[PDB]
Amino acid sequence: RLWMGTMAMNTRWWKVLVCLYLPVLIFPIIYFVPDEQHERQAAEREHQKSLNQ
Amino acid sequence: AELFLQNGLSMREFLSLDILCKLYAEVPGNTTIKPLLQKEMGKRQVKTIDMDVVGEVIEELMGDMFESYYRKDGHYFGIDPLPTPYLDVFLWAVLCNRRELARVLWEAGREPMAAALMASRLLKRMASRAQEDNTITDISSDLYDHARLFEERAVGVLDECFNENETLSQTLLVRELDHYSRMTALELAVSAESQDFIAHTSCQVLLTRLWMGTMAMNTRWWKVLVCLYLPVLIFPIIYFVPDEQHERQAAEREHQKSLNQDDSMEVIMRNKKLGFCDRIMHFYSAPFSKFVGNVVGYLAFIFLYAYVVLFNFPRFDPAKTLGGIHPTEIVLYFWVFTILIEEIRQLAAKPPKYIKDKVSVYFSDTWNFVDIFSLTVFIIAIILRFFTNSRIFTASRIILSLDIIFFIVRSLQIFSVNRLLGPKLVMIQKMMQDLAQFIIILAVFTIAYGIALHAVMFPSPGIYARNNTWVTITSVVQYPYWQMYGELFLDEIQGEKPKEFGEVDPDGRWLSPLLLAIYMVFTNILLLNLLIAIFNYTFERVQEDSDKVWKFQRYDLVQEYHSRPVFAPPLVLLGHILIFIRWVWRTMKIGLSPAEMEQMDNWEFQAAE
Amino acid sequence: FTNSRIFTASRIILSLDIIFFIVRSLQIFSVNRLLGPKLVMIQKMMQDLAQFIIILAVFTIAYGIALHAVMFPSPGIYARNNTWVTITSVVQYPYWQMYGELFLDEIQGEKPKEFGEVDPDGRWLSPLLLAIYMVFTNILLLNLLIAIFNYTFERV
Ligand SMILES: *[C@@H]1O[C@H](CO)[C@@H](O[C@@H]2O[C@H](CO)[C@@H](O)[C@H](O)[C@H]2NC(C)=O)[C@H](O)[C@H]1NC(C)=O
Ligand SMILES: *[C@@H]1O[C@H](CO)[C@@H](O[C@@H]2O[C@H](CO)[C@@H](O)[C@H](O)[C@H]2NC(C)=O)[C@H](O)[C@H]1NC(C)=O
Ligand SMILES: CC(C)CCC[C@@H](C)[C@H]1CC[C@H]2[C@@H]3CC=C4C[C@@H](O)CC[C@]4(C)[C@H]3CC[C@]12C
Ligand SMILES: CC(C)CCC[C@@H](C)[C@H]1CC[C@H]2[C@@H]3CC=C4C[C@@H](O)CC[C@]4(C)[C@H]3CC[C@]12C
Ligand SMILES: [Ca+2]
């Protein structure tokens, strides 16, 4: 996790290699820790809902 | 729940449809099934849970065209009781990941072995679903461990069934189960990758019996080889399953005296008899006879392809008749076209019914890469052949003369039917990883030494500078590599051989052997001996597992040759047409009677107890 | 019978029978406490050697046919016009190349008189195919055979 410092856990080497020299691609294709944590929290709020109605 | 069942609760009366819908309505929230049910009923806009939703989730958790009975049976839509109360409450228990409740409901059930195999499939498939998805919480190791428990239970019931009666247990493995979408227990044990179940003696003996499809157990290869081409010898010397079973029954009737004064599975597992014309077609329909045929045809192909490549592959000239082409090469086109058709029908006959899914499962095993590569490479060569130009003709003959490697290396699959060679060929592919790691480290030392050696021998500008880029780049890689295998270029790297090797710099003449000496210590008597140590370490660990992997792959082998065309290697392409006629007109299991199905359920249940 | 051909057959047959009469000595060596068990261990290792040679033969023949086809084209200027030497060369040269007898001068352009003149495109294909063959033969299979013998030696 410290090796993946403020960056999504499944970001591959080539994606980093492309984004290192093309910093315009840095925003669209690189996911971050807030994004995945927001997704998990947004999902887990929905799982607590009742299955009917 | 266990205590209520075994005191005075009867699940036939208890479980109605509303109770079952109420059970699925009140799933916890922390489980894996809850997101899946929500996602399924999320699409198609349905506010209330029903069994159609649950059926579709169970269908997508078993991908090989599974058909849950909730989607079709009339009892699960919206009084007489439900058909299988114990089963669908057990399915609810395993989908909620409740260990003790699933065990309790498993022990009070009709088919323990099939239910256990379906459970393990469901658990490990939803485990992988939970692992690879971000909007589902990772409880994957718990689900894999629970799947492993049900795998052990399935093997245990099989083992007890085998110890009681060895024949009817093999009949138990090929039962066409009605509650599991017409799918047999062996197919369920293959769907969930259960190597311990398939490696069990009962399954292995069954696979050997299916391999000997409607043919005596001790019919040797040469007897089949003779009878394959001489079909008049098919009746006298080939024994069959009815003959040996008639002999055993006729003997066992005498032992009781006082001492004083497409129907292959049926004829395997019944008391059916074969006439004259039946036991010809049944001989040709056997997987082992198709295998022997395949081997003979394959040998013919390799000798034919080796001849054309070594001796007679001329260039195309329009002046001569037929382009000066020997008939041999046309016979080669014919056989490669036959192999192409075989690979097309191997693609077409996969379990999923989606061309992407067929292709995805078709490229699962690594042989099909080699198959499609070698076939593509061949077609490209024959396309390039006809143009009458020295450069691209040289490209054509080189491409064929290298494709021989892949067609010959493809023989190792027909060698892997053997008990001894099979496991060894699995062990080799498991050692390829350690070889790959070794070559990476070796490449680093090789290139370091190579650049240093070439720089010192041949200075960069000057009198001794070789004025050519490609030979420099290739020499750096070349000479260090051959020096590993004892090809020491001691005359060359020192002063001698000015004409052949090239004249060396005066100070390179004494640096080169010194650098060689150091390189030979760190390469030959360190790394190579370390590679020997790595292989001996991993051989024992791989020895344990590679046998099970070979045991498991015997099913695919038998199932492959069960579906192959009936006719022999010379006419095999003619045989292929009959499958096309059957397909344009528009299997390893038996259907039992209701009385027999009841008897088999009772015997299986007692074995589970 | 006094005839050069069958006399040559006679002396060759005797000069090869010496092998079997000398190898027969290993039974009189097997009365020893130490040499006896070792001679039993050898015959139990012959099975693993047999399996190894089968797999090795498949790689040898694949490489052999490819090598000879590329060096010497099938008809043409560089086609060697002799069937027996072709059949024996396919088997021969790959086999000696296992034991470090790399024919690097021969499979490349040099030695036109001894080995035979090679096709211009075979001159650069042959070392590349050799290099691949040497990886999969010397530093994979032979080391795997060492691993197989050490595994089975304790059990035997
Ligand atoms: C490579 O090219 C270089 C430069 O043209 C050659 O070096 C010259 O060789 C001549 C003849 O021996 C000398 O008189 C010069 O003094 C050299 N030049 C320098 C700058 O020192 C060299 O001969 C060529 N080498 C080969 C092998 O062709
Ligand atoms: C093998 O035989 C072939 C065919 O007879 C010979 O190839 C011919 O060689 C001559 C002389 O070099 C050329 O003029 C012809 O063009 C070649 N024929 C063709 C069809 O290209 C070849 O010389 C013989 N090889 C050996 C080593 O004896
Ligand atoms: C095995 C142990 C003793 C290490 C041996 C290292 C030897 C082989 C190395 C180290 C120094 C090297 C020598 C260094 C100097 C010379 C002088 C001249 O003739 C060129 C080669 C020659 C003769 C080298 C031959 C190889 C060499 C002798
Ligand atoms: C050990 C690792 C680095 C792999 C090394 C592979 C080397 C030895 C292989 C791969 C490509 C091959 C080269 C391909 C092209 C040429 C050009 C010419 O000179 C003929 C041989 C030569 C020089 C080959 C020599 C052997 C070669 C260099
Ligand atoms: Ca295939």
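- Method of structure determination, per the deposited record: cryo-EM was used for this entry, reaching 3.07 Å resolution.

**Remarks on the overall build of chain A**
Here is step 1: What chain A contains, in helices and strands, is two helices and zero strands.
Here is step 2: The C-alpha radius of gyration computed for chain A amounts to 15 Å, which surpasses the reference 10 Å derived for 53 residues by more than 25%, pointing to a less compact arrangement than a globule.
Here is step 3: Considering only C-alpha atoms, chain A reaches an extent of 50 × 25 × 15 Å along its principal axes.
Here is step 4: Split into buried and exposed, the 53 residues of chain A put 17% on the buried side.
Here is step 5: Carbon and sulfur atoms make up 62% of the accessible area of chain A, which totals about 4900 Å².
Here is step 6: Separation between the mean location of the 6 positive side-chain charges and that of the 5 negative ones in chain A comes to 4 Å.

**Description of the interface of chain B and chain A**
Here is step 1: Each partner contributes to the interface: chain B provides 15 residues, whereas chain A provides twelve residues.
Here is step 2: Taken together, both faces of the contact between chain B and chain A bury some 1100 Å²; the carbon and sulfur share is 52%.
Here is step 3: Counting the surface chain B buries against chain A, the share from its top three residues, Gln38, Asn134 and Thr135 of chain B, is 43%.
Here is step 4: Counting every contact that joins chain B to chain A gives zero salt bridges.
Here is step 5: Run the count over chain B and chain A and you get seven residue pairs in polar contact.
Here is step 6: Looking at the side of chain B that touches chain A, the elements with two or more residues in it are α3 (17-25) and α4 (33-42) of chain B.
Here is step 7: No other element matches α4 of chain B, which puts five residues into the side of chain B that touches chain A.
Here is step 8: Each residue belonging to the side of chain B that touches chain A can be placed in one class, and the counts come to seven nonpolar, six polar and two charged.

**A few points about the site of ligand 4**
Here is step 1: In the vicinity of ligand 4, the residues found are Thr474, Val477, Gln478 and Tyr481 of chain B together with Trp124, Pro127 and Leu128 of chain C.
Here is step 2: Those residues lying near ligand 4 are distributed over chains B and C.
Here is step 3: Within the complex, 72% of the 590 Å² of free accessible area of ligand 4 lies under protein.
Here is step 4: The cavity where ligand 4 resides is the second largest pocket.
Here is step 5: Those elements that provide at least two residues to the shell around ligand 4 are α25 (469-484) of chain B together with α6 (122-155) of chain C.
Here is step 6: Broken down by element, the residue count for the shell around ligand 4 peaks at four residues, all from α25 of chain B.

**Here's the deal with the coordination of the calcium ion (ligand 5)**
Put simply, the ideal angle at a metal is 109.5 degrees for four donors in tetrahedral geometry and 90 or 180 degrees for six donors in octahedral geometry.
Residue and element names in this part refer to chain B.
Here is step 1: Note on the calcium ion (ligand 5): its protein donors are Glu343 (OE), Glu343 (OE), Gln346 (OE1), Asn368 (OD1) and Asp371 (OD). The metal-donor distances range over 2.5 to 2.8 Å.
Here is step 2: Site description for the calcium ion (ligand 5): donor spacing in sequence, E-x2-Q-x21-N-x2-D. With a gap of 28 residues between them, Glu343 in helix α19 (residues 327-348) and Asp371 in helix α21 (residues 367-385) connect regions that are remote in the sequence. Each member of the pair, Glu343 as well as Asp371, is classed as buried.

**Some thoughts on empty space enclosed by the protein**
Here is step 1: In this structure, the largest cavity occupies an estimated 100 Å³ of space.
Here is step 2: Lining the largest cavity we find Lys424 and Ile428 of chain B together with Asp48, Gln51, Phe52, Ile55, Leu141, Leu144, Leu145 and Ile148 of chain C.
Here is step 3: Contributions of two or more residues to the lining of the largest cavity are made by α24 (421-457) of chain B together with α3 (35-71) and α6 of chain C.
Here is step 4: For the second largest cavity, the calculated volume is near 70 Å³.
Here is step 5: In terms of lining, the second largest cavity is formed by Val309, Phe313, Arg397, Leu400 and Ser401 of chain B together with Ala69, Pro73 and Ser74 of chain C.
Here is step 6: If one sorts the elements of the lining of the second largest cavity by residue count, helix α22 (residues 390-409) of chain B sits on top with three residues.
Here is step 7: Classifying every residue of the lining of the second largest cavity gives five nonpolar, two polar and one charged.

**Observations regarding the packing of aromatic side chains**
Centre distance and the angle of the planes are the two values used to describe a pair of aromatic rings.
Residue and element names in this part refer to chain B.
Here is step 1: According to the stated counting rule, one finds 36 aromatic pairs over all chains in the structure shown.
Here is step 2: Look at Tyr69 and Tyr76: their rings are 5.6 Å apart centre to centre, the planes differ by 55 degrees, and that puts the pair in the tilted class.
Here is step 3: Counting every residue linked through ring pairs, the aromatic cluster contains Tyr298, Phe301, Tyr305, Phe378 and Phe407.
Here is step 4: Geometry around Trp222 places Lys223 over its ring, the cationic atom sitting 4.2 Å from the centre.

**Some points on α22 of chain B**
Here is step 1: Helix length check: α22 of chain B, at 20 residues, gives a terminal C-alpha distance of 30 Å against a target of 28 Å (1.5 Å per residue), a fit within 8%.
Here is step 2: For α22 of chain B, the secondary structure elements touched by its buried residues are α18 (287-310) and α21 of chain B together with α3 of chain C.

**Concerning the side chain of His68 of chain C**
Here is step 1: Tracing the chain through its elements places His68 of chain C in helix α3.
Here is step 2: On the accessibility criterion, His68 of chain C (5% relative accessible area) is buried.
Here is step 3: The residues touching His68 of chain C, leaving out its near neighbours within four places in the chain, are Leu310 of chain B together with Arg80, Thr86, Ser89 and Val90 of chain C.

**Digging into the layout of surface pockets**
Here is step 1: As a volume, the second largest pocket reaches approximately 1400 Å³.
Here is step 2: Here the residues of the lining of the second largest pocket are counted per class, giving 24 nonpolar, six polar and ten charged.

**Quick look at the interface of chain C and chain B**
Here is step 1: Contact residues are listed per partner, giving 46 residues for chain C and 42 residues for chain B.
Here is step 2: Interface area for chain C against chain B, summed over the two sides, is near 3900 Å², with a carbon-plus-sulfur share of 78%.
Here is step 3: Seen at the junction of chain C and chain B, the total is two salt bridges.
Here is step 4: Here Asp48 of chain C makes a salt bridge to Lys424 of chain B, at a shortest N to O gap of 3.6 Å.
Here is step 5: Linking chain C with chain B are six residue pairs in polar contact.
Here is step 6: The element best represented in the side of chain C that touches chain B is α6 of chain C, accounting for 18 residues.
Here is step 7: Class assignment of the residues belonging to the side of chain C that touches chain B gives a composition of 32 nonpolar, eleven polar and three charged.

Cut-offs used in this document
Residues numbered from 1 in each chain as written, not as in the entry; some residues may be left out. Chains lettered and ligands numbered in written order. Part of a larger assembly, values for the part shown. Heavy atoms only, no water. Helix = DSSP H or I, 4+ residues; strand = E, 2+ residues; numbered from the N terminus. Rg over C-alpha atoms; globule rule 2.2 N^0.38 Å. Buried < 20%, exposed > 50% of the residue type's maximum accessible area, 1.4 Å probe, protein only. Areas by Shrake-Rupley, 256 points an atom, 1.4 Å probe, with all protein chains shown as cover. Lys, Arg positive; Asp, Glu negative; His and termini not counted. Charge placed at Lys NZ, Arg CZ, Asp CG, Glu CD. Contact = heavy atoms within 4.5 Å. Buried area = accessible area lost by both parts, 1.4 Å probe. Salt bridge = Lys/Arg side-chain N within 4 Å of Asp/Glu carboxyl O. Polar contact = N/O pair within 3.5 Å; in protein donor to acceptor, adjacent residues only side chain to side chain. Nonpolar A, V, L, I, M, F, W, Y, C, P; charged D, E, K, R; others polar. Near = heavy atom within 4 Å. 1 Å grid on protein atoms, 1.4 Å probe; cavity = no way out; pocket = protein on both sides within 12 Å on 5 of 7 lines; lining within 4 Å. Sits in = over half its atoms within 2 Å of the grid points. Donors = N, O, S within 2.8 Å, 3.2 Å for Na, K, Ca; no water. Points joined across faces, edges and corners; volume = space filled by probe spheres on them. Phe/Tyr/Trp six-rings, centres within 6.5 Å; stacked < 30°, edge-to-face > 60°. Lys NZ or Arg CZ within 6 Å of the ring centre and 35° of its normal. Expected span 1.5 Å × (residues − 1).

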